[PDB]
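To keep things clear, I will list the structure first and then write my remarks on it.
Where a number appears in this text, it was derived from the coordinates with a stated rule and is not lab data. A quick note on method: Cβ atoms are made from the backbone with ideal geometry, for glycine too, and the neighbour counts reach across all protein chains shown.
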Amino acid sequence: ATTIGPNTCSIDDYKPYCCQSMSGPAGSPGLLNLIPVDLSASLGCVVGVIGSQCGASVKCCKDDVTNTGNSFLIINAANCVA
């Protein structure tokens, strides 16, 4: 599995994120948009804990998330490298 380390993509102070970048884990089908809706880009990943194993693609993203925003750290996708 993809073991996320502190030196994954140590360019700037980049936050590692692990998510499935083949398409996206939507979930139970409902009233969803066929096109990702955001002012920038809808990135749905979680921060890669160093030493933790994420069975998904790990990327590095620099952005400012609000804690009261979503039930997870949604990425603004402002500065993302994959």
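With unit charges on the beta carbon (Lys/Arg positive, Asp/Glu negative), name the residue among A78, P25, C60 whose Cα is farthest towards the positive pole of the charge dipole of the chain.
Farthest along the dipole direction, towards plus: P25.
Amide H to amide H, which residues 5 or more places from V46 or on other chains are under 5 Å from it, using H placed in the peptide plane?
Here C18 satisfy the definition.
Residue by residue, what Karplus-based ³J(HN,Hα) values in Hz, rounded to whole numbers, does the stretch 68-73 have, using 6.51, -1.76 and 1.60 with θ = phi - 60° and x for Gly and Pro?
Running phi through 6.51 cos²θ - 1.76 cosθ + 1.60 with θ = phi - 60° gives 8, x, 10, 7, 7, 7 Hz.
List the residues whose amide H sits under 5 Å from the amide H of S52, counting only those 5 or more places along or on another chain, with H placed 1.01 Å from N in the peptide plane.
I4
Scan around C80 for amide H atoms under 5 Å from its own, H built in the peptide plane at 1.01 Å from N, and keep only partners 5 or more places away or cross-chain.
For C80, the qualifying residues are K62.
Just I50, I11, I35 to compare: in a GNM of the chain, with alpha carbon springs under 10 Å, which one fluctuates most?
Among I50, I11, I35, the largest GNM mean-square fluctuation belongs to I35.
Of the residues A56, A41, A26, which exhibits the maximal mean-square fluctuation in a Gaussian network model of the chain defined by a 10 Å Cα contact cut-off?
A26
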